[PDB]
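Beneath this line is the structure, given in structure tokens, with notes to follow.
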2 protein chains.
Amino acid sequence: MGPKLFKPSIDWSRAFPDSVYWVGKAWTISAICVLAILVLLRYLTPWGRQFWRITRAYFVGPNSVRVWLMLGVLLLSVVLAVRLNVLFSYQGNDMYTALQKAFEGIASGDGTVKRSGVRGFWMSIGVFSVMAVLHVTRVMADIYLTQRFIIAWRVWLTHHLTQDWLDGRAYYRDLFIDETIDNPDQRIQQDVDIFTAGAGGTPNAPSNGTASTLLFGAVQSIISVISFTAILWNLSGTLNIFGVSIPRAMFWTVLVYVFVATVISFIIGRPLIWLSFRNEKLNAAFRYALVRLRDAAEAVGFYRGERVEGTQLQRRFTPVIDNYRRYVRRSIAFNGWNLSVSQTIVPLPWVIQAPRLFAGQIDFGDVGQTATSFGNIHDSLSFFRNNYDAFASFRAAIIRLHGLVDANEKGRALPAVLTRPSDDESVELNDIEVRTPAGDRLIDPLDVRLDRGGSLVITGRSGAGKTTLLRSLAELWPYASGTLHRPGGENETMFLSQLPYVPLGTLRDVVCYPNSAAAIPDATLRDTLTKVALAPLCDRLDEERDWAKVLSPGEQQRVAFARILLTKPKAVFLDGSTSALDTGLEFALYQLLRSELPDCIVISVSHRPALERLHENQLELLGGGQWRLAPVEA
Amino acid sequence: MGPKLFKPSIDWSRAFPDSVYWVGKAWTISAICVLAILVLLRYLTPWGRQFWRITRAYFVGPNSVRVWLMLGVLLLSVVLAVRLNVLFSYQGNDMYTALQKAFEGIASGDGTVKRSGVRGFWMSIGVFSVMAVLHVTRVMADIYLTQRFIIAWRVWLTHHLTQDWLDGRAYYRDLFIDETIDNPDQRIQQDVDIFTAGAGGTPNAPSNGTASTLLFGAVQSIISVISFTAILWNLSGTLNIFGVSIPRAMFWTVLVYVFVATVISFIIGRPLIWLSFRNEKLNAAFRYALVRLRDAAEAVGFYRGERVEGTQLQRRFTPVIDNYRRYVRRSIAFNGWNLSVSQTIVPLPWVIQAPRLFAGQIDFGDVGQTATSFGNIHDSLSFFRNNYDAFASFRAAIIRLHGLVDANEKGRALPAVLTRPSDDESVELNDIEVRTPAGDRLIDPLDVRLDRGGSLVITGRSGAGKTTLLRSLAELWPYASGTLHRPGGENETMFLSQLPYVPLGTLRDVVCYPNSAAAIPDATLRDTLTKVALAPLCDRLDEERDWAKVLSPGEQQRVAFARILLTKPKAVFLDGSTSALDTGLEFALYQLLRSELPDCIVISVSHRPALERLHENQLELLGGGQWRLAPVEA
Ligand SMILES: CCCCCCCCCCCCO[C@@H]1O[C@H](CO)[C@@H](O[C@H]2O[C@H](CO)[C@@H](O)[C@H](O)[C@H]2O)[C@H](O)[C@H]1O
Ligand SMILES: CCCCCCCCCCCCO[C@@H]1O[C@H](CO)[C@@H](O[C@H]2O[C@H](CO)[C@@H](O)[C@H](O)[C@H]2O)[C@H](O)[C@H]1O
Ligand SMILES: CCCCCCCCCCCCO[C@@H]1O[C@H](CO)[C@@H](O[C@H]2O[C@H](CO)[C@@H](O)[C@H](O)[C@H]2O)[C@H](O)[C@H]1O
Ligand SMILES: CCCCCCCCCCCCO[C@@H]1O[C@H](CO)[C@@H](O[C@H]2O[C@H](CO)[C@@H](O)[C@H](O)[C@H]2O)[C@H](O)[C@H]1O
Ligand SMILES: CCCCCCCCCCCCO[C@@H]1O[C@H](CO)[C@@H](O[C@H]2O[C@H](CO)[C@@H](O)[C@H](O)[C@H]2O)[C@H](O)[C@H]1O
Ligand SMILES: CCCCCCCCCCCCO[C@@H]1O[C@H](CO)[C@@H](O[C@H]2O[C@H](CO)[C@@H](O)[C@H](O)[C@H]2O)[C@H](O)[C@H]1O
Ligand SMILES: CCCCCCCCCCCCO[C@@H]1O[C@H](CO)[C@@H](O[C@H]2O[C@H](CO)[C@@H](O)[C@H](O)[C@H]2O)[C@H](O)[C@H]1O
Ligand SMILES: CCCCCCCCCCCCO[C@@H]1O[C@H](CO)[C@@H](O[C@H]2O[C@H](CO)[C@@H](O)[C@H](O)[C@H]2O)[C@H](O)[C@H]1O
Ligand SMILES: CCCCCCCCCCCCO[C@@H]1O[C@H](CO)[C@@H](O[C@H]2O[C@H](CO)[C@@H](O)[C@H](O)[C@H]2O)[C@H](O)[C@H]1O
Ligand SMILES: CCCCCCCCCCCCO[C@@H]1O[C@H](CO)[C@@H](O[C@H]2O[C@H](CO)[C@@H](O)[C@H](O)[C@H]2O)[C@H](O)[C@H]1O
Ligand SMILES: Nc1ncnc2c1ncn2[C@@H]1O[C@H](COP(=O)(O)OP(=O)(O)NP(=O)(O)O)[C@@H](O)[C@H]1O
Ligand SMILES: Nc1ncnc2c1ncn2[C@@H]1O[C@H](COP(=O)(O)OP(=O)(O)NP(=O)(O)O)[C@@H](O)[C@H]1O
Ligand SMILES: [Mg+2]
Ligand SMILES: [Mg+2]
């Protein structure tokens, strides 16, 4: 080995025109190699067929051009990060060689090699100072670009998923299907945030880049393997251990040590899916037991039952803390193997290359590159076993959403009562039988016809099929049969409930509930509030406090007689609606209904024997199935 | 510089008997230095006086010995981690010297220095193989020891905080205080998990050790500074830049560069507290609007109002996504400074020591130790500015709990009605005036006395002070005055509500609600269910489904007449309770009450004019303030 000076590894001049063609070449290969694996994952996979049923309409259509145009920049922002990782490795090959040429000039004595080794050190520091700004600039323009995507995804998904909950009265007929969902108030608010925001377990924090995401963190660990496998191939040598001549030992060793140590870490973390799904189910049945106590806080204070409610509230907190203690005991046997494997491989490229260095074969430059390339194809093939604890919690957020999407298509396939429009203006019903979900009987087939000015009173016992007749004519009860003829329209058939109801907003929205607040003028709302003796509420039409705990139940049944004078229906049904009003105010509220609307089919359910002298006919339920119709004898 | 062989830095023999005395010496200093800073933080701090009001009783008392004994091991588990970080730095000082003595024997020619440098390399690999098992063993016995602490803290805190919510009827009188809390169903379930589990922002995951916690991550960054400052002190030299002779440049430089760059990163992240407090408030008023729609899903289906409810549900989702977009825009200007500062300091110990190395002053061993000690007192003084985004979200979880603890001591200071026990058996009330929170009047002072067999009917209009008389005798209405004399006891004065109520559990718990299910024998519950005509419910006493949506409101008022035959009260009040029952079943339910309990003061509120011929006296509210008392006629 004669006197050789210092020569660089890569020509640092013409390094920017060469790293502008490699990026443009590696982008178009990966753009058609990524789009051929997701097609193979939409089929042939049980968890890939449930990802596409939820969010299909966001990626296809005419309004899905700005989605792919923003998804195509995040691949350039990963290829540009692999290229800098290679150019950082090319510089430590120069610095450790320049630090070796300076030591062989001091001990030898000459000053030609030393002056060529000193000048090679101050060159390989100025290259580090230019490639340290392009790292900060690339990192900080990558947090901002990936937080504008998982916001606009979440805003679309939680708006599309709610129209699917209240489309065909599917929020009420989900109690009769065979397999029922637990609570759909949590899978819309919280679970969409875990589903859309990349890494599983937690909702997103405003510092999550693209390296903490289970898609773009996996397509980096393939380009980082393909781009590094041409450096480790021509830096290893023949190894003899048992008389077997292995040609490239350090390259075939790392592909055996990972494949064996991976398949043991898939049978340890196998039951880790059904322990992270039960942690969201038992934690969302504890919060519902506290909200139900909040809006019923007067009846608990009346009964003084604050000690029985301290037991049915503690019976739901025991299995949410007994399940967590075995979720902890499984994530130590899983995290104790992936660290004990990765720790006993770090002195391996220092004990194979070290006998080849003390003899004159290599020159201390390629030891500092073998120590980097071996610790970078090992940190990229160990992505599929280091991040299995954050994928098994992401697979338990597709099941919860797929249950909600599945249990609304079986909520619109249950049978109901067929409804047809009338001939001119009539309410006639041909044959109706109503059953009980256990299989009993309530009402035999009956035939009723009303005319344009008729009336009807339905009377009977206290617990025999009286409200569930009206729950069948409103298309809400599945166990029924028959047909109905109605004066159909938009709001030309009004129903009223037995227990009163008030919405959330201001009092102007409480007064006219089925219509909007802007479709009713201001000048007509202050006169109809004085016919129902609701005088002192002419102010306070712009307040915000909750009216379910302020308005007494004798004033929530006079508001319900003001929603019937503004909508102007034709065939209004009503049950109850005089449970709190006394006689004198009850008789004064039906004369107004007969004097304002001159021709409406009024059907009213009642209990007190002072309303039968106002209507014309009468239907009586004997209980057990038998009905009896008779005209008002008067 | 003559021929010198290889000598180690530290005597590796007698390294275990020396590192067993240093740990025992550094434990007792830190045990009394840590306990003198927390005392200075309990006072003199606005966020330290609110931490002690919540969780005081857990750390003091006689049952708080096993808390400190488990808190004292987690300090040993940090001192044992600083000592290994020093012993790892002592080994790179040997390996880089042994790699330098081998290169000065090849170029010089002799084989005495080379054979002494080769043998010094294979010694400093076997020391790395022993100190790599004590790292994995220490890390994996540190996850398990800190997950047994923040479980037993959470189980105690969420049980102590709930007894403070329903102690003195404080769940109802929190609506009348001056500054009201938002929703206390979220600060008990979720916010205790963020408060107890160390690092802020997210609830704990089962892999959080002790280095991801805002207390034991701060007491490591002081012992790591004190233990490393004696190595960097005697490795730096005199630097001349502008004619000023600085004695120790590399030590006084790093204490100036951090103190300046810290105080700029405290005025950028200053409004980051009130943006992480509003993210939990606007996200917990959206979920409440979905639960209220779930248990009232019949009245929305009757009215067909699924389009007005799609607007009052979208008016609460706009400000939860408009606030997040400015939480993202602040966490980039804060994270863009702490990375741009820490990146431009990494080539600094390589450009000051490099002219001193090419001349014969140092020997390449202490460059590899200056590169480590400078990058370890810089990574420990930068703990108070790198982790300010996770502390400003922890300071917004003490305000939410302190509001809940504060708003229950002002909920028991409001005035009420004084109650005294009776003389023998009587209900007499002296003077009672009842007001309205706006300042109006409902009831003038009145004086009523009942005897051991008397009765009373309270009648009046539909909206004039009828239920709020009974909301004052039950100690629930703050705007009242006067006194009351009652036959006091445990359950010798029963109240009933206007709207019925059913608890959560099985039907055996629904039937006997104020008593427990075990305090009533089985043989007496099946006879009293047949006197109230509730015959077919003799089975299904062991089911689980919700009975608020199954039992009709005509059968939730006959169950309420079976809670009055098992408790056996003396002076029972009741309002409503016959809104759905017809005549014939109403008259048959009062004869049973008079025939089973032979002497009870029965006070009943009613509307229908067929109940006044059963009682004896009568009180009538004229409306506006005037009352009128008269004995029952014929
Ligand atoms: C599209 C983005 C591309 C991503 C990858 C980024 C590639 C660019 C990063 C490395 C740039 C290296 O920048 C380097 O600077 C040093 C000076 O400090 C210069 O280095 C060169 O200087 C002069 C030419 O000017 C030569 O005679 C000399 O032999 C050589 O040392 C070159 O200008 C360039 O080789
Ligand atoms: C940063 C967070 C992570 C981001 C997550 C990004 C996920 C992107 C996944 C897209 C993968 C492509 O998904 C693939 O799209 C093509 C269209 O090009 C579909 O091809 C076709 O699908 C069905 C097949 O019946 C057709 O009805 C549809 O018209 C058509 O799109 C494939 O069915 C789908 O599997
Ligand atoms: C992570 C993968 C990154 C590689 C992909 C980057 C794309 C770079 C160019 C962006 C242009 C995207 O533009 C988009 O292309 C896809 C083809 O896939 C077209 O096709 C897409 O929509 C059409 C309907 O419009 C569907 O029938 C089809 O199933 C769907 O794949 C879109 O109509 C077009 O809007
Ligand atoms: C999810 C799967 C995604 C698949 C991703 C596939 C990425 C492909 C890696 C880049 C391939 C580029 O192919 C390469 O191009 C450059 C420019 O000529 C040349 O090779 C260049 O990159 C390779 C890295 O592979 C270097 O080892 C080599 O020093 C360099 O000159 C060769 O011609 C060819 O090996
Ligand atoms: C429609 C396209 C859907 C793409 C949505 C985005 C997902 C991005 C890819 C997920 C990354 C997971 O990374 C790795 O994936 C492979 C499968 O490829 C999983 O490997 C396994 O997954 C599960 C869990 O055992 C097995 O049922 C499956 O048979 C096997 O493929 C690894 O457990 C996971 O660590
Ligand atoms: C309480 C826990 C303490 C925490 C800190 C941990 C301290 C222990 C870690 C370092 C232990 C070093 O272990 C080291 O092993 C090498 C062999 O490989 C030995 O090293 C020594 O060997 C023999 C003595 O046996 C000597 O003549 C020789 O000069 C020297 O190289 C010593 O046995 C010990 O110095
Ligand atoms: C891993 C998660 C993080 C773990 C968090 C650990 C926090 C531990 C904090 C404890 C600090 C000591 O806190 C200090 O205790 C001493 C008792 O020794 C108290 O000293 C005294 O406090 C008040 C003073 O009026 C007395 O009523 C009380 O009897 C007494 O304890 C101090 O008031 C308190 O400030
Ligand atoms: C993070 C700090 C770690 C350093 C502390 C490690 C302690 C090592 C020995 C553990 C013994 C602890 O034992 C505990 O000591 C404290 C003194 O602080 C005593 O004092 C504690 O409780 C008593 C009442 O019992 C209170 O009046 C007092 O305010 C409180 O500090 C406890 O009564 C005792 O149970
Ligand atoms: C929240 C605040 C907590 C404060 C924590 C305070 C920790 C104190 C650090 C350890 C102090 C030990 O004090 C030290 O003891 C050992 C054993 O003799 C000796 O010094 C030993 O440790 C020091 C580290 O400081 C080394 O630089 C030295 O090589 C070693 O011999 C000296 O005598 C004395 O400097
Ligand atoms: C009763 C004992 C309470 C101990 C509970 C456990 C808390 C553990 C210590 C908190 C760690 C925070 O670490 C660092 O603390 C210092 C104060 O010491 C904070 O410094 C500042 O805090 C806030 C925020 O500006 C200022 O109002 C305060 O004036 C100042 O001290 C830093 O913002 C924080 O990064
Ligand atoms: N915060 C409030 N809580 C209760 N009532 C309030 C409140 N603010 C104002 N009020 C009025 O106070 C009165 C109390 O009504 P209340 O005496 O309970 O009715 P009632 O006579 O029991 N009704 P009814 O059941 O129909 O016979 C009503 O006029 C309310 O509108
Ligand atoms: N899932 C169910 N939903 C409704 N009713 C059910 C259900 N399962 C059983 N039933 C019984 O079916 C009957 C329906 O009661 P319903 O006809 O609504 O009462 P009502 O006659 O309106 N009562 P009332 O208001 O006092 O006059 C009752 O006997 C219920 O106990
Ligand atoms: Mg009914
Ligand atoms: Mg009332």
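Labeling convention for the structure tokens: chains A, B, ... as they appear, residues from 1 per chain, ligands from 1 in order of appearance.
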*ligand 3: which residues are within 12 Å, counting only C-alpha atoms and all ligand atoms, as a PyMOL selection string?*
chain A and resi 27-39+56-78+215-216+218-219
*asked:* Excluding residue 435 of chain A and its own-chain neighbours fewer than 3 positions away, which residues fall within 7 Å of it when counting only C-alpha atoms? Please give them as a list in words.
replied: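 Once the nearby chain positions are removed, what remains is residues 439, 440, 441, 442, 479 and 480 of chain A.
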Selection to disk with C-alpha atoms, as a PDB file, in the first residue's frame:
```pdb
ATOM      1  CA  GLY A 439     -96.548 -13.550  20.044  1.00  0.00           C
ATOM      2  CA  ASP A 440     -99.763 -12.544  21.827  1.00  0.00           C
ATOM      3  CA  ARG A 441    -102.794 -10.697  20.440  1.00  0.00           C
ATOM      4  CA  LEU A 442    -104.103  -7.208  21.068  1.00  0.00           C
ATOM      5  CA  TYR A 479     -95.592  -6.395  14.097  1.00  0.00           C
ATOM      6  CA  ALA A 480     -98.669  -5.246  12.198  1.00  0.00           C
TER       7      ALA A 480
END
```
For chain A against chain B, with a cut-off of 6 Å and counting only C-alpha atoms, what is the closest atom pair and its distance in Å to one decimal for every residue that makes the cut, ordered by chain and number, as a Markdown table?
```
| residue | atom | partner | partner_atom | distance |
| --- | --- | --- | --- | --- |
| A:104 | CA | B:107 | CA | 5.7 |
| A:107 | CA | B:104 | CA | 5.7 |
| A:108 | CA | B:108 | CA | 5.3 |
| A:185 | CA | B:290 | CA | 5.7 |
| A:206 | CA | B:328 | CA | 5.3 |
| A:290 | CA | B:185 | CA | 5.7 |
| A:302 | CA | B:495 | CA | 5.7 |
| A:303 | CA | B:495 | CA | 6.0 |
| A:305 | CA | B:514 | CA | 5.2 |
| A:328 | CA | B:206 | CA | 5.3 |
| A:462 | CA | B:554 | CA | 5.7 |
| A:495 | CA | B:302 | CA | 5.7 |
| A:514 | CA | B:305 | CA | 5.2 |
| A:554 | CA | B:462 | CA | 5.7 |
| A:579 | CA | B:579 | CA | 5.7 |
| A:582 | CA | B:607 | CA | 5.9 |
| A:607 | CA | B:582 | CA | 5.9 |
```
Keeping only N, CA and C atoms, write the selected residues to a file as a CSV table (one decimal), in the first residue's frame.
```csv
chain,number,residue,atom,x,y,z
A,104,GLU,N,-2.1,8.8,10.0
A,104,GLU,CA,-1.0,8.1,9.3
A,104,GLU,C,0.1,9.1,8.8
A,107,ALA,N,2.3,9.7,12.7
A,107,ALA,CA,3.2,8.6,13.1
A,107,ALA,C,4.3,8.4,12.1
A,108,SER,N,4.0,8.5,10.8
A,108,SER,CA,5.0,8.3,9.7
A,108,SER,C,6.0,9.4,9.7
A,185,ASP,N,-74.4,6.7,20.1
A,185,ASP,CA,-74.0,8.1,20.4
A,185,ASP,C,-72.5,8.3,20.5
A,206,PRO,N,-52.1,18.0,17.4
A,206,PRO,CA,-51.7,18.8,16.3
A,206,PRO,C,-50.2,18.9,16.1
A,290,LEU,N,-74.4,8.1,33.9
A,290,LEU,CA,-74.3,9.3,34.6
A,290,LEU,C,-75.1,10.5,34.0
A,302,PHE,N,-86.6,13.6,45.2
A,302,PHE,CA,-87.9,13.4,45.9
A,302,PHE,C,-87.9,12.0,46.7
A,303,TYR,N,-87.4,11.0,46.1
A,303,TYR,CA,-87.5,9.6,46.7
A,303,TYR,C,-86.4,9.4,47.7
A,305,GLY,N,-83.4,8.4,47.1
A,305,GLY,CA,-82.8,7.1,46.8
A,305,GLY,C,-81.3,7.2,46.3
A,328,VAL,N,-52.9,-4.7,30.7
A,328,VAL,CA,-51.6,-4.4,31.0
A,328,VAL,C,-50.7,-5.6,31.0
A,462,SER,N,-106.6,0.3,31.0
A,462,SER,CA,-105.4,1.1,31.2
A,462,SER,C,-104.2,0.4,30.5
A,495,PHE,N,-99.5,14.0,14.2
A,495,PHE,CA,-99.6,13.1,15.3
A,495,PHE,C,-99.1,13.9,16.6
A,514,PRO,N,-92.2,21.6,14.2
A,514,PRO,CA,-92.0,20.9,12.9
A,514,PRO,C,-91.6,21.8,11.8
A,554,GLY,N,-98.2,21.5,32.8
A,554,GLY,CA,-99.5,22.1,32.4
A,554,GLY,C,-99.3,23.1,31.3
A,579,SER,N,-103.9,15.7,30.2
A,579,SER,CA,-103.6,15.1,31.5
A,579,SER,C,-103.6,16.0,32.7
A,582,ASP,N,-107.5,21.2,33.7
A,582,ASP,CA,-108.8,21.0,34.3
A,582,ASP,C,-109.9,21.3,33.4
A,607,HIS,N,-109.5,9.5,28.6
A,607,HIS,CA,-109.9,8.7,29.8
A,607,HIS,C,-111.0,9.2,30.6
```
*Of the listed residues A:349, A:46, A:24, A:17, that which approaches ligand 5 most closely, counting only C-alpha atoms and all ligand atoms*: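 Distance minimum relative to ligand 5 lands on A:46.
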*Among listed residues A:632, A:550, A:525, A:564, nearest ligand 14 (using only C-alpha atoms and all ligand atoms)*: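 Nearest candidate to ligand 14 out of A:632, A:550, A:525, A:564: A:550.
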*Could you give me the residues within segment 185-414 of chain B that DSSP places in strand (DSSP E or B), as a PyMOL selection string?*
chain B and resi 239-240+245-246
Would you put the residues from that selection into a file with C-alpha atoms, as a PDB file, in the first residue's frame?
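Output file again-v1.pdb follows:
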```pdb
ATOM      1  CA  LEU B 239     -10.845  30.317  23.486  1.00  0.00           C
ATOM      2  CA  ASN B 240      -9.877  33.634  21.882  1.00  0.00           C
ATOM      3  CA  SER B 245      -9.738  35.307  27.017  1.00  0.00           C
ATOM      4  CA  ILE B 246     -12.690  33.156  28.101  1.00  0.00           C
TER       5      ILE B 246
END
```
Within 9 Å of segment 253-269 of chain B using only C-alpha atoms, minus same-chain residues under 3 positions, as a PDB file with C-alpha atoms, in the first residue's frame:
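See selection26.pdb below for the written result:
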```
ATOM      1  CA  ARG B 248     -13.938  27.630  29.815  1.00  0.00           C
ATOM      2  CA  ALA B 249     -15.744  28.481  26.587  1.00  0.00           C
ATOM      3  CA  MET B 250     -17.641  25.259  25.895  1.00  0.00           C
ATOM      4  CA  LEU B 272     -51.944  27.522  24.437  1.00  0.00           C
ATOM      5  CA  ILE B 273     -53.850  26.908  27.696  1.00  0.00           C
ATOM      6  CA  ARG B 330     -50.288  27.722  16.866  1.00  0.00           C
ATOM      7  CA  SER B 331     -48.555  24.349  17.303  1.00  0.00           C
ATOM      8  CA  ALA B 333     -45.001  28.257  15.206  1.00  0.00           C
ATOM      9  CA  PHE B 334     -44.153  26.648  18.562  1.00  0.00           C
ATOM     10  CA  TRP B 337     -38.650  27.084  16.905  1.00  0.00           C
ATOM     11  CA  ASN B 338     -37.660  24.276  19.293  1.00  0.00           C
ATOM     12  CA  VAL B 341     -32.751  25.888  17.759  1.00  0.00           C
ATOM     13  CA  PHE B 374     -22.274  18.104  25.358  1.00  0.00           C
ATOM     14  CA  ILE B 377     -26.495  18.364  29.317  1.00  0.00           C
ATOM     15  CA  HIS B 378     -28.162  20.021  26.325  1.00  0.00           C
ATOM     16  CA  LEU B 381     -31.687  21.593  30.166  1.00  0.00           C
ATOM     17  CA  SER B 382     -34.063  21.503  27.172  1.00  0.00           C
ATOM     18  CA  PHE B 384     -38.528  22.695  30.295  1.00  0.00           C
ATOM     19  CA  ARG B 385     -39.055  24.014  26.750  1.00  0.00           C
ATOM     20  CA  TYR B 388     -44.462  22.820  27.274  1.00  0.00           C
ATOM     21  CA  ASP B 389     -47.096  21.583  24.827  1.00  0.00           C
ATOM     22  CA  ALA B 392     -50.282  23.387  29.062  1.00  0.00           C
TER      23      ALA B 392
END
```
*Residue list (alpha helix (DSSP H), DSSP) for segment 59-172 of chain B, as a PyMOL selection string*: chain B and resi 68-71+73-101+103-106+113-118+123-130+133-146+152-163
Mind running chain B against ligand 6 at 12 Å and telling me each contacting residue's nearest atom pair with the distance in Å (one decimal), counting only C-alpha atoms and all ligand atoms, chain and number ascending, as CSV?
```
residue,atom,partner,partner_atom_place_in_ligand_line,distance
B:7,CA,ligand 6,29 (O),10.4
B:8,CA,ligand 6,29 (O),9.3
B:9,CA,ligand 6,31 (O),11.8
B:10,CA,ligand 6,35 (O),9.5
B:11,CA,ligand 6,35 (O),7.4
B:12,CA,ligand 6,35 (O),3.8
B:13,CA,ligand 6,35 (O),4.1
B:14,CA,ligand 6,35 (O),6.7
B:15,CA,ligand 6,7 (C),5.9
B:16,CA,ligand 6,7 (C),4.6
B:17,CA,ligand 6,3 (C),8.1
B:18,CA,ligand 6,7 (C),8.4
B:19,CA,ligand 6,3 (C),5.3
B:20,CA,ligand 6,1 (C),5.0
B:21,CA,ligand 6,1 (C),8.7
B:22,CA,ligand 6,3 (C),9.4
B:23,CA,ligand 6,1 (C),7.8
B:24,CA,ligand 6,1 (C),9.6
B:76,CA,ligand 6,1 (C),10.4
B:77,CA,ligand 6,2 (C),10.9
B:78,CA,ligand 6,4 (C),11.6
B:79,CA,ligand 6,4 (C),9.6
B:80,CA,ligand 6,4 (C),6.4
B:81,CA,ligand 6,4 (C),8.5
B:82,CA,ligand 6,4 (C),9.6
B:83,CA,ligand 6,5 (C),6.4
B:84,CA,ligand 6,5 (C),5.9
B:85,CA,ligand 6,5 (C),9.6
B:86,CA,ligand 6,5 (C),9.5
B:87,CA,ligand 6,5 (C),7.5
B:88,CA,ligand 6,10 (C),9.4
B:90,CA,ligand 6,10 (C),10.6
B:91,CA,ligand 6,10 (C),10.1
B:94,CA,ligand 6,31 (O),11.8
B:119,CA,ligand 6,31 (O),10.4
B:120,CA,ligand 6,31 (O),9.3
B:121,CA,ligand 6,31 (O),11.1
B:122,CA,ligand 6,18 (O),9.5
B:123,CA,ligand 6,31 (O),6.2
B:124,CA,ligand 6,18 (O),8.3
B:125,CA,ligand 6,18 (O),8.2
B:126,CA,ligand 6,18 (O),4.7
B:127,CA,ligand 6,18 (O),5.2
B:128,CA,ligand 6,10 (C),8.2
B:129,CA,ligand 6,18 (O),7.9
B:130,CA,ligand 6,11 (C),6.3
B:131,CA,ligand 6,9 (C),5.3
B:132,CA,ligand 6,9 (C),9.1
B:133,CA,ligand 6,9 (C),9.6
B:134,CA,ligand 6,6 (C),7.3
B:135,CA,ligand 6,6 (C),9.5
B:137,CA,ligand 6,2 (C),11.3
B:138,CA,ligand 6,4 (C),10.0
```
*Which polymer residues have any atom within 10 Å of an atom of residue 601 of chain B, counting only C-alpha atoms, with same-chain residues fewer than 3 positions away left out, as a list in words?*
residues 425, 426, 427, 450, 451, 452, 453, 454, 455, 456, 493, 569, 570, 571, 572, 573, 598 and 604 of chain B
